[PDB]
Each structure stands twice: as structure tokens, then as C-alpha cells.
């Protein structure tokens, strides 16, 4: 099969491999850095939060080599009554990290909009049918509740 978690939660995907368009930095040292977006992460700062909530944000994961990505799971995060989570998003990919291609269904002429979370800790998994063969993956938030925030995991396998 090709459904092994690629390394977000377990740390195989190192901090250096995860970057973003921007990240929230609070007045009091809380940096919601891109590499904090790891499935089930707990703590004060436990997720990536964009610096600004707009249509120019993205979270990128560099798998270091071309792999087969079969699925993705996302979560949001919470702090009191403030529930943050991405409600829908598109996926972009690339073999070199330069020039990005949007994930599009065979039957569609527009970017595939993926249904995201409806709460802060619930896991919402989406399968790529067909799978993505690439090295870099970018989650492009389209809609969100309160603020753009993510915790995620990627699933797949190597190319053989």
C-alpha cells in the first residue's frame, strides 16, 4: 500500500523542510512558525498561523525527493473560545520548488477545492485520487474560521 504517514507528526519531516508565506508572531514571543503545523501537536504554540488572513497564504512541505502523496489530514487549533481552522483549501505541488501546479481533477478545469475542518481538533482526511507524484506540497487556504491555522499530516510512499 501507499499510506504511510510521511513524517509531520513523528518528526521525520524536519523543521527546515516546512516553510510558509508568513507566520503570526505575537507581541510576547509566541511564534506560530510553519514547522509547528504537526498533527496532534499540543502546547502554547501548537500550530502554524498565517501572519495575515488573506488569499496569498500557503504552507509548504519539502519532502526532499519526489514521492507519491496519497492523502492529507488537517486540524485547526484553539485557545479559549477562539477556535481557528481552515475550512477549505487547494493543493499545489512541484518537483523543484519553482513553478507550482494546482491539483486538478481529470474532470475539471478549475483547482480542486478540498473540504477542510469544521472544528479545532477533529481530523479531516482527504485522499488524492489520483495521487500526487511530486517533491513539494503547498496547502493553499481558501476559507477559514476566525484565522488561518493548521496542524497536518501527509500520507504516501516512495516512488519505485
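Positions refer to the first chain, counted from 1.
For the pair 30 to 38 and 101 to 109, the mean B factor over Cα atoms is greater in 101 to 109. Judged by mean Cα B factor in the deposited record, 19 to 27 ranks above the other of 19 to 27 and 147 to 155. Going by the entry's values, 43 shows the largest Cα B-factor out of 131, 122, 43, 116.
Highest C-alpha temperature factor among 80, 77, 86, 72, as the PDB entry reports it: 80.
Residue 53: CA B factor in the middle third of modelled residues in this chain (values from the PDB entry). When the CA B factors of the chain's modelled residues are split into thirds, the value for residue 91 lands in the lowest one.
In the deposited entry, the Cα temperature factor of residue 6 places it in the middle third of its chain's modelled residues.
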